[PDB]
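Data file: coords-v9.csv. Format and content: CSV, C-alpha atoms.
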chain,number,residue,atom,x,y,z
L,1,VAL,CA,2.7,20.3,-8.2
L,2,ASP,CA,4.0,19.8,-4.7
L,3,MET,CA,4.2,16.0,-4.5
L,4,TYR,CA,7.0,14.0,-6.3
L,5,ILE,CA,8.2,10.4,-6.5
L,6,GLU,CA,11.6,8.8,-6.0
L,7,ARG,CA,12.5,5.1,-6.6
L,8,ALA,CA,13.3,3.1,-3.5
L,9,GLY,CA,13.7,-0.4,-4.8
L,10,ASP,CA,12.7,-3.5,-6.8
L,11,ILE,CA,9.7,-5.5,-5.7
L,12,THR,CA,11.1,-8.9,-4.6
L,13,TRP,CA,10.5,-11.5,-1.9
L,14,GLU,CA,13.4,-11.8,0.6
L,15,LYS,CA,14.4,-15.3,1.8
L,16,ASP,CA,14.9,-15.4,5.6
L,17,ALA,CA,13.2,-12.1,6.2
L,18,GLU,CA,12.5,-11.0,9.7
L,19,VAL,CA,9.2,-12.5,10.8
L,20,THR,CA,6.8,-10.7,13.2
L,21,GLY,CA,3.1,-10.0,13.8
L,22,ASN,CA,0.1,-12.1,14.8
L,23,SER,CA,-3.0,-13.1,12.7
L,24,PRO,CA,-6.2,-11.6,14.1
L,25,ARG,CA,-9.6,-12.5,12.9
L,26,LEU,CA,-11.7,-9.3,13.4
L,27,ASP,CA,-15.3,-8.4,12.5
L,28,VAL,CA,-15.0,-5.0,10.8
L,29,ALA,CA,-17.2,-2.5,8.8
L,30,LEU,CA,-16.2,-0.1,6.0
L,31,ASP,CA,-17.9,3.2,5.7
L,32,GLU,CA,-18.4,5.4,2.6
L,33,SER,CA,-15.3,7.5,3.5
L,34,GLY,CA,-13.1,4.4,3.3
L,35,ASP,CA,-12.6,4.1,7.1
L,36,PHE,CA,-12.6,0.7,8.8
L,37,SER,CA,-14.3,0.2,12.2
L,38,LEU,CA,-14.7,-2.7,14.6
L,39,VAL,CA,-18.2,-4.3,14.8
Z,1,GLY,CA,10.4,10.6,-15.8
Z,2,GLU,CA,11.6,7.2,-14.4
Z,3,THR,CA,8.9,4.6,-15.2
Z,4,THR,CA,10.9,1.6,-14.3
Z,5,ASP,CA,8.9,-1.1,-12.4
Z,6,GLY,CA,9.4,-0.9,-8.6
Z,7,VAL,CA,8.5,0.8,-5.3
Z,8,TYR,CA,8.7,4.6,-5.0
Z,9,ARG,CA,8.5,7.1,-2.1
Z,10,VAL,CA,5.9,9.9,-2.4
Z,11,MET,CA,7.5,13.1,-1.1
Z,12,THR,CA,6.5,16.8,-0.6
Z,13,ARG,CA,8.5,20.0,0.2
Z,14,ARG,CA,5.3,21.8,1.2
Z,15,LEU,CA,6.2,21.3,4.9
Z,16,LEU,CA,9.4,21.6,6.8
Z,17,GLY,CA,12.2,20.0,4.8
Z,18,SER,CA,11.3,17.1,2.6
Z,19,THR,CA,8.6,14.9,4.0
Z,20,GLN,CA,7.6,11.4,3.0
Z,21,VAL,CA,3.8,11.2,2.8
Z,22,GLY,CA,3.5,7.7,1.4
Z,23,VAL,CA,4.7,5.0,-1.0
Z,24,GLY,CA,3.5,3.4,-4.3
Z,25,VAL,CA,4.1,0.8,-6.9
Z,26,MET,CA,5.1,1.3,-10.6
Z,27,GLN,CA,4.0,-1.5,-12.8
Z,28,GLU,CA,3.2,-1.6,-16.5
Z,29,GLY,CA,3.7,2.1,-16.9
Z,30,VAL,CA,1.1,2.9,-14.1
Z,31,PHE,CA,1.7,4.3,-10.7
Z,32,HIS,CA,-0.4,2.8,-7.9
Z,33,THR,CA,-0.9,4.2,-4.3
Z,34,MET,CA,-3.6,4.8,-1.7
Z,35,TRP,CA,-6.1,7.7,-2.1
Z,36,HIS,CA,-5.4,9.1,1.3
Z,37,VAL,CA,-1.7,9.6,0.4
Z,38,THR,CA,-2.3,12.0,-2.6
Z,39,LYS,CA,-6.0,12.8,-2.4
Z,40,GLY,CA,-5.9,12.4,-6.2
Z,41,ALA,CA,-3.5,15.2,-6.8
Z,42,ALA,CA,-1.1,15.2,-9.8
Z,43,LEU,CA,2.5,14.0,-9.1
Z,44,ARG,CA,6.0,14.9,-10.4
Z,45,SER,CA,8.5,12.4,-11.6
Z,46,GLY,CA,11.8,14.1,-12.5
Z,47,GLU,CA,10.9,16.7,-15.1
Z,48,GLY,CA,7.7,14.8,-16.0
Z,49,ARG,CA,4.2,14.8,-14.6
Z,50,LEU,CA,1.9,11.9,-13.6
Z,51,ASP,CA,-1.8,12.8,-14.0
Z,52,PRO,CA,-4.5,10.8,-12.0
Z,53,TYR,CA,-6.4,8.2,-14.1
Z,54,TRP,CA,-8.7,6.3,-11.7
Z,55,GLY,CA,-9.5,6.4,-8.1
Z,56,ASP,CA,-12.1,5.6,-5.4
Z,57,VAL,CA,-12.2,7.0,-1.8
Z,58,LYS,CA,-14.0,4.0,-0.4
Z,59,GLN,CA,-11.5,1.5,-1.8
Z,60,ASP,CA,-8.8,4.1,-0.8
Z,61,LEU,CA,-6.9,3.5,-4.1
Z,62,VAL,CA,-5.6,5.7,-7.0
Z,63,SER,CA,-3.8,5.0,-10.3
Z,64,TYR,CA,-1.8,7.4,-12.4
Z,65,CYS,CA,-1.1,7.3,-16.2
Z,66,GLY,CA,-3.4,4.3,-16.8
Z,67,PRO,CA,-5.9,1.9,-15.2
Z,68,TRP,CA,-5.2,-0.2,-12.1
Z,69,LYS,CA,-2.9,-3.1,-13.2
Z,70,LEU,CA,-2.4,-5.1,-9.9
Z,71,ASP,CA,-4.6,-8.2,-9.6
Z,72,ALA,CA,-2.8,-10.8,-7.5
Z,73,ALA,CA,-4.7,-12.1,-4.4
Z,74,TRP,CA,-3.7,-13.6,-1.1
Z,75,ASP,CA,-4.2,-17.4,-1.1
Z,76,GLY,CA,-5.7,-17.2,2.4
Z,77,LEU,CA,-3.2,-19.8,3.6
Z,78,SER,CA,0.5,-18.6,3.3
Z,79,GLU,CA,2.7,-16.0,4.8
Z,80,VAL,CA,3.3,-12.8,2.8
Z,81,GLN,CA,5.9,-10.0,3.0
Z,82,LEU,CA,5.3,-6.3,3.6
Z,83,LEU,CA,8.0,-4.4,1.6
Z,84,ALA,CA,7.9,-1.5,4.1
Z,85,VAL,CA,9.4,1.8,2.9
Z,86,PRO,CA,9.5,3.9,6.1
Z,87,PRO,CA,10.4,7.7,6.0
Z,88,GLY,CA,14.1,8.2,5.9
Z,89,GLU,CA,14.9,4.5,6.0
Z,90,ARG,CA,15.9,1.8,3.5
Z,91,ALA,CA,13.2,-0.6,2.0
Z,92,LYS,CA,12.8,-3.6,4.3
Z,93,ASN,CA,10.9,-6.9,4.0
Z,94,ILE,CA,8.8,-8.1,6.9
Z,95,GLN,CA,7.2,-11.6,6.8
Z,96,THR,CA,3.9,-12.4,8.4
Z,97,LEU,CA,0.8,-14.6,8.2
Z,98,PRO,CA,-2.3,-12.4,7.5
Z,99,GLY,CA,-5.3,-12.4,9.7
Z,100,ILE,CA,-8.8,-11.7,8.3
Z,101,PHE,CA,-11.2,-8.7,8.2
Z,102,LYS,CA,-14.7,-10.2,8.1
Z,103,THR,CA,-17.1,-7.8,6.6
Z,104,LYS,CA,-20.8,-8.0,5.6
Z,105,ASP,CA,-19.5,-7.9,1.9
Z,106,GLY,CA,-16.9,-10.7,2.4
Z,107,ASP,CA,-13.5,-11.5,3.9
Z,108,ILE,CA,-10.2,-9.5,3.4
Z,109,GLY,CA,-6.6,-10.4,4.4
Z,110,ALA,CA,-5.1,-8.1,7.1
Z,111,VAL,CA,-1.5,-7.6,8.3
Z,112,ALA,CA,-0.7,-6.9,12.0
Z,113,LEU,CA,2.3,-4.6,11.5
Z,114,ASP,CA,2.6,-1.0,12.7
Z,115,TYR,CA,4.6,1.6,10.6
Z,116,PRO,CA,4.6,5.4,10.4
Z,117,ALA,CA,1.8,7.0,8.4
Z,118,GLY,CA,4.2,7.9,5.6
Z,119,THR,CA,4.6,4.2,5.0
Z,120,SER,CA,1.1,3.9,3.5
Z,121,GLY,CA,1.0,2.5,0.0
Z,122,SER,CA,3.9,0.0,0.6
Z,123,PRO,CA,3.3,-3.2,-1.3
Z,124,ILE,CA,2.3,-6.6,0.3
Z,125,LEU,CA,3.8,-9.5,-1.7
Z,126,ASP,CA,3.2,-13.2,-2.1
Z,127,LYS,CA,6.0,-15.8,-2.3
Z,128,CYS,CA,6.4,-15.2,-6.1
Z,129,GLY,CA,6.9,-11.4,-5.6
Z,130,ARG,CA,3.5,-10.4,-7.0
Z,131,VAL,CA,1.7,-7.4,-5.3
Z,132,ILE,CA,-1.4,-8.7,-3.6
Z,133,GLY,CA,-2.3,-5.2,-2.3
Z,134,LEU,CA,-1.1,-2.1,-0.5
Z,135,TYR,CA,-0.6,-1.4,3.2
Z,136,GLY,CA,-2.0,1.5,5.3
Z,137,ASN,CA,-5.8,1.4,5.5
Z,138,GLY,CA,-6.8,-0.4,8.7
Z,139,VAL,CA,-8.1,-0.2,12.2
Z,140,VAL,CA,-7.0,0.4,15.8
Z,141,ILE,CA,-7.7,-2.7,17.9
Z,142,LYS,CA,-8.6,-3.0,21.6
Z,143,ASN,CA,-5.1,-2.6,23.0
Z,144,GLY,CA,-4.4,0.5,20.8
Z,145,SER,CA,-2.2,-1.2,18.2
Z,146,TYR,CA,-2.8,-1.1,14.4
Z,147,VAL,CA,-3.8,-3.7,11.8
Z,148,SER,CA,-3.9,-2.9,8.0
Z,149,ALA,CA,-6.2,-4.4,5.4
Z,150,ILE,CA,-4.5,-6.0,2.4
Z,151,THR,CA,-6.1,-3.5,-0.1
Z,152,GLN,CA,-6.3,-4.6,-3.7
Z,153,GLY,CA,-7.9,-3.0,-6.8
Z,154,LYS,CA,-9.6,-4.5,-9.8
Z,155,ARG,CA,-8.0,-4.8,-13.2
Z,156,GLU,CA,-10.8,-3.9,-15.7
Structure translated into structure tokens:
Amino acid sequence: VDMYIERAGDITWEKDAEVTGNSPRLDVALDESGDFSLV
Amino acid sequence: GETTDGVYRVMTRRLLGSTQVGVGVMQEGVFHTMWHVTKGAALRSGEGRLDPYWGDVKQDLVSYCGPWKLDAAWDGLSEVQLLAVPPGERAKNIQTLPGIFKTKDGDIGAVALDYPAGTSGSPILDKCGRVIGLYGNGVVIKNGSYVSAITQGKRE
């Protein structure tokens, strides 16, 4: 068994986290292989 | 093995050195990640082993040791946080307002943040710290940047 896991942290919200990114509205399609594409 | 709730790296030594191939979430005794990270293979946790339990290529999700447990959903209004766990780097929270993937089968939240491949499976959180889905299945947009669905499973 090649793959192994190691703990990296608790799952918590951080107040005053760095903020980035925009908020695109995109038409997309999802194929049987789980890949998204643009319409 | 360690089954404490939290976020974990998914590592391999099959390549040069130790490589991070993705990330996942331990909750209620079940480990949750994206299918493309593990391709459904068994995992090691210390001396112990985690066997796959459920998965689906099209959803791009997999659970180990039990059924999918995560069921919180984006409210469609508020900012969220990606708890990015990049290879070789400390866990970091990044706050953002999701966009939307419109599909023929309905709308999904999306996050416009670009992290290494080995960051796939990192949790996206709401303001109460609940996991609303996992990062790393998405699309390349016109300018060549990346946007990830907020991918969430079903708790049966």
Taking into account all atoms listed in the file, which residue in the set Z:136, Z:46, Z:87, Z:153 is nearest to residue L:36?
-> Z:136
Nearby residues (all atoms listed in the file) at most 8 Å from stretch 104-116 of chain Z, same-chain spacing under 3 positions excluded, as a ChimeraX atom specification = /L:20-24,29 /Z:74,76,84,86-87,96-101,119-120,145-150
Residues from the last selection, C-alpha atoms, saved as a PDB file, keeping the file's coordinate frame:
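The file below, result.pdb, is the result:
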ATOM      1  CA  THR L  20       6.800 -10.700  13.200  1.00  0.00           C
ATOM      2  CA  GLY L  21       3.100 -10.000  13.800  1.00  0.00           C
ATOM      3  CA  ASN L  22       0.100 -12.100  14.800  1.00  0.00           C
ATOM      4  CA  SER L  23      -3.000 -13.100  12.700  1.00  0.00           C
ATOM      5  CA  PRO L  24      -6.200 -11.600  14.100  1.00  0.00           C
ATOM      6  CA  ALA L  29     -17.200  -2.500   8.800  1.00  0.00           C
TER       7      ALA L  29
ATOM      8  CA  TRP Z  74      -3.700 -13.600  -1.100  1.00  0.00           C
ATOM      9  CA  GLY Z  76      -5.700 -17.200   2.400  1.00  0.00           C
ATOM     10  CA  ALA Z  84       7.900  -1.500   4.100  1.00  0.00           C
ATOM     11  CA  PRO Z  86       9.500   3.900   6.100  1.00  0.00           C
ATOM     12  CA  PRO Z  87      10.400   7.700   6.000  1.00  0.00           C
ATOM     13  CA  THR Z  96       3.900 -12.400   8.400  1.00  0.00           C
ATOM     14  CA  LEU Z  97       0.800 -14.600   8.200  1.00  0.00           C
ATOM     15  CA  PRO Z  98      -2.300 -12.400   7.500  1.00  0.00           C
ATOM     16  CA  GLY Z  99      -5.300 -12.400   9.700  1.00  0.00           C
ATOM     17  CA  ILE Z 100      -8.800 -11.700   8.300  1.00  0.00           C
ATOM     18  CA  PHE Z 101     -11.200  -8.700   8.200  1.00  0.00           C
ATOM     19  CA  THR Z 119       4.600   4.200   5.000  1.00  0.00           C
ATOM     20  CA  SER Z 120       1.100   3.900   3.500  1.00  0.00           C
ATOM     21  CA  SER Z 145      -2.200  -1.200  18.200  1.00  0.00           C
ATOM     22  CA  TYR Z 146      -2.800  -1.100  14.400  1.00  0.00           C
ATOM     23  CA  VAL Z 147      -3.800  -3.700  11.800  1.00  0.00           C
ATOM     24  CA  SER Z 148      -3.900  -2.900   8.000  1.00  0.00           C
ATOM     25  CA  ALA Z 149      -6.200  -4.400   5.400  1.00  0.00           C
ATOM     26  CA  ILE Z 150      -4.500  -6.000   2.400  1.00  0.00           C
TER      27      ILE Z 150
END
Counting all atoms listed in the file, collect the residues of chain Z whose closest atom lies at most 6 Å from chain L, and write them out as a PyMOL selection string.
-> chain Z and resi 6-12+43-45+57-58+60+94-96+98-103+112-113+129+138-139
Gap from atom CA of residue Z:23 to atom CA of residue Z:127 - Å, one decimal |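 We find that atom CA of residue Z:23 and atom CA of residue Z:127 lie 20.9 Å from each other.
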Separation of atom CA of residue Z:134 from atom CA of residue Z:14 in Å |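 Atom CA of residue Z:14 sits 24.8 Å away from atom CA of residue Z:134.
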Using all atoms listed in the file, determine which residues lie at most 12 Å from residue Z:56, disregarding the query and same-chain residues fewer than 2 positions distant; provide the list as a ChimeraX atom specification.
-> /L:32-34 /Z:33-36,39-40,52-54,58-63,68,152-154
Do a neighbour search on residue Z:126 at 10 Å with all atoms listed in the file, toss out local chain neighbours closer than 5 positions, and write the hits as a ChimeraX atom specification.
-> /L:12-13 /Z:72-75,78-82,95,131-133
May I have the selected residues written with C-alpha atoms, as a CSV table (one decimal), in the frame of the given file?
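Contents of part.csv, freshly written:
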chain,number,residue,atom,x,y,z
L,12,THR,CA,11.1,-8.9,-4.6
L,13,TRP,CA,10.5,-11.5,-1.9
Z,72,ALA,CA,-2.8,-10.8,-7.5
Z,73,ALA,CA,-4.7,-12.1,-4.4
Z,74,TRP,CA,-3.7,-13.6,-1.1
Z,75,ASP,CA,-4.2,-17.4,-1.1
Z,78,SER,CA,0.5,-18.6,3.3
Z,79,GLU,CA,2.7,-16.0,4.8
Z,80,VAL,CA,3.3,-12.8,2.8
Z,81,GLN,CA,5.9,-10.0,3.0
Z,82,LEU,CA,5.3,-6.3,3.6
Z,95,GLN,CA,7.2,-11.6,6.8
Z,131,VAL,CA,1.7,-7.4,-5.3
Z,132,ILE,CA,-1.4,-8.7,-3.6
Z,133,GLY,CA,-2.3,-5.2,-2.3
Calculate how many Å separate atom CA of residue Z:128 from atom CA of residue Z:83, rounding to one decimal.
->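 We find that atom CA of residue Z:128 and atom CA of residue Z:83 lie 13.4 Å from each other.
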Just so I have it separately, write stretch 98-122 of chain Z from the block I sent, keeping N, CA and C atoms, as a PDB file, in the first residue's frame.
ATOM      1  N   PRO Z  98     -17.837  32.518  -3.476  1.00  0.00           N
ATOM      2  CA  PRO Z  98     -17.953  31.615  -4.610  1.00  0.00           C
ATOM      3  C   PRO Z  98     -18.715  32.252  -5.766  1.00  0.00           C
ATOM      4  N   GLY Z  99     -18.269  31.934  -6.976  1.00  0.00           N
ATOM      5  CA  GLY Z  99     -19.133  31.994  -8.141  1.00  0.00           C
ATOM      6  C   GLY Z  99     -20.000  30.740  -8.253  1.00  0.00           C
ATOM      7  N   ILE Z 100     -20.560  30.547  -9.468  1.00  0.00           N
ATOM      8  CA  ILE Z 100     -21.533  29.506  -9.787  1.00  0.00           C
ATOM      9  C   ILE Z 100     -21.118  28.806 -11.079  1.00  0.00           C
ATOM     10  N   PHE Z 101     -21.083  27.464 -11.033  1.00  0.00           N
ATOM     11  CA  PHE Z 101     -21.196  26.628 -12.209  1.00  0.00           C
ATOM     12  C   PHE Z 101     -22.689  26.392 -12.474  1.00  0.00           C
ATOM     13  N   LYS Z 102     -23.165  26.862 -13.630  1.00  0.00           N
ATOM     14  CA  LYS Z 102     -24.491  26.510 -14.111  1.00  0.00           C
ATOM     15  C   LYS Z 102     -24.355  25.262 -15.001  1.00  0.00           C
ATOM     16  N   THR Z 103     -25.116  24.219 -14.660  1.00  0.00           N
ATOM     17  CA  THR Z 103     -25.138  22.997 -15.456  1.00  0.00           C
ATOM     18  C   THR Z 103     -26.581  22.732 -15.878  1.00  0.00           C
ATOM     19  N   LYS Z 104     -26.756  21.726 -16.743  1.00  0.00           N
ATOM     20  CA  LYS Z 104     -28.088  21.348 -17.169  1.00  0.00           C
ATOM     21  C   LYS Z 104     -28.831  20.665 -16.014  1.00  0.00           C
ATOM     22  N   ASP Z 105     -28.092  20.171 -15.012  1.00  0.00           N
ATOM     23  CA  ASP Z 105     -28.675  19.470 -13.878  1.00  0.00           C
ATOM     24  C   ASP Z 105     -28.646  20.321 -12.607  1.00  0.00           C
ATOM     25  N   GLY Z 106     -28.400  21.632 -12.748  1.00  0.00           N
ATOM     26  CA  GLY Z 106     -28.504  22.569 -11.632  1.00  0.00           C
ATOM     27  C   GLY Z 106     -27.181  23.278 -11.323  1.00  0.00           C
ATOM     28  N   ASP Z 107     -27.225  24.209 -10.365  1.00  0.00           N
ATOM     29  CA  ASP Z 107     -26.141  25.145 -10.101  1.00  0.00           C
ATOM     30  C   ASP Z 107     -25.274  24.582  -8.976  1.00  0.00           C
ATOM     31  N   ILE Z 108     -23.954  24.814  -9.061  1.00  0.00           N
ATOM     32  CA  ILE Z 108     -22.995  24.436  -8.028  1.00  0.00           C
ATOM     33  C   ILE Z 108     -22.125  25.653  -7.717  1.00  0.00           C
ATOM     34  N   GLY Z 109     -21.806  25.878  -6.435  1.00  0.00           N
ATOM     35  CA  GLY Z 109     -20.788  26.858  -6.059  1.00  0.00           C
ATOM     36  C   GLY Z 109     -19.417  26.510  -6.653  1.00  0.00           C
ATOM     37  N   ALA Z 110     -18.601  27.537  -6.917  1.00  0.00           N
ATOM     38  CA  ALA Z 110     -17.259  27.381  -7.449  1.00  0.00           C
ATOM     39  C   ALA Z 110     -16.328  28.405  -6.792  1.00  0.00           C
ATOM     40  N   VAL Z 111     -15.047  28.047  -6.649  1.00  0.00           N
ATOM     41  CA  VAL Z 111     -14.068  28.945  -6.015  1.00  0.00           C
ATOM     42  C   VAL Z 111     -12.947  29.235  -7.022  1.00  0.00           C
ATOM     43  N   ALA Z 112     -12.655  30.526  -7.258  1.00  0.00           N
ATOM     44  CA  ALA Z 112     -11.626  30.952  -8.203  1.00  0.00           C
ATOM     45  C   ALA Z 112     -10.273  31.132  -7.505  1.00  0.00           C
ATOM     46  N   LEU Z 113      -9.659  29.996  -7.113  1.00  0.00           N
ATOM     47  CA  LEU Z 113      -8.379  29.931  -6.434  1.00  0.00           C
ATOM     48  C   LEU Z 113      -7.546  28.828  -7.075  1.00  0.00           C
ATOM     49  N   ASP Z 114      -6.244  29.076  -7.218  1.00  0.00           N
ATOM     50  CA  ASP Z 114      -5.373  28.230  -8.021  1.00  0.00           C
ATOM     51  C   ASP Z 114      -4.228  27.725  -7.141  1.00  0.00           C
ATOM     52  N   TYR Z 115      -4.233  26.414  -6.857  1.00  0.00           N
ATOM     53  CA  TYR Z 115      -3.240  25.787  -6.004  1.00  0.00           C
ATOM     54  C   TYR Z 115      -2.653  24.572  -6.713  1.00  0.00           C
ATOM     55  N   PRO Z 116      -1.436  24.107  -6.352  1.00  0.00           N
ATOM     56  CA  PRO Z 116      -0.872  22.888  -6.935  1.00  0.00           C
ATOM     57  C   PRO Z 116      -1.844  21.703  -6.919  1.00  0.00           C
ATOM     58  N   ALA Z 117      -1.652  20.767  -7.861  1.00  0.00           N
ATOM     59  CA  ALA Z 117      -2.487  19.577  -7.991  1.00  0.00           C
ATOM     60  C   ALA Z 117      -2.610  18.834  -6.655  1.00  0.00           C
ATOM     61  N   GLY Z 118      -1.479  18.728  -5.945  1.00  0.00           N
ATOM     62  CA  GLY Z 118      -1.416  17.954  -4.710  1.00  0.00           C
ATOM     63  C   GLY Z 118      -2.243  18.598  -3.595  1.00  0.00           C
ATOM     64  N   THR Z 119      -2.893  19.727  -3.889  1.00  0.00           N
ATOM     65  CA  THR Z 119      -3.792  20.405  -2.956  1.00  0.00           C
ATOM     66  C   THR Z 119      -5.251  19.884  -3.086  1.00  0.00           C
ATOM     67  N   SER Z 120      -5.533  19.060  -4.102  1.00  0.00           N
ATOM     68  CA  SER Z 120      -6.880  18.507  -4.306  1.00  0.00           C
ATOM     69  C   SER Z 120      -7.353  17.739  -3.077  1.00  0.00           C
ATOM     70  N   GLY Z 121      -8.611  17.969  -2.691  1.00  0.00           N
ATOM     71  CA  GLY Z 121      -9.258  17.347  -1.542  1.00  0.00           C
ATOM     72  C   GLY Z 121      -9.287  18.243  -0.313  1.00  0.00           C
ATOM     73  N   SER Z 122      -8.650  19.411  -0.445  1.00  0.00           N
ATOM     74  CA  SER Z 122      -8.666  20.374   0.640  1.00  0.00           C
ATOM     75  C   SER Z 122     -10.095  20.844   0.881  1.00  0.00           C
TER      76      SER Z 122
END
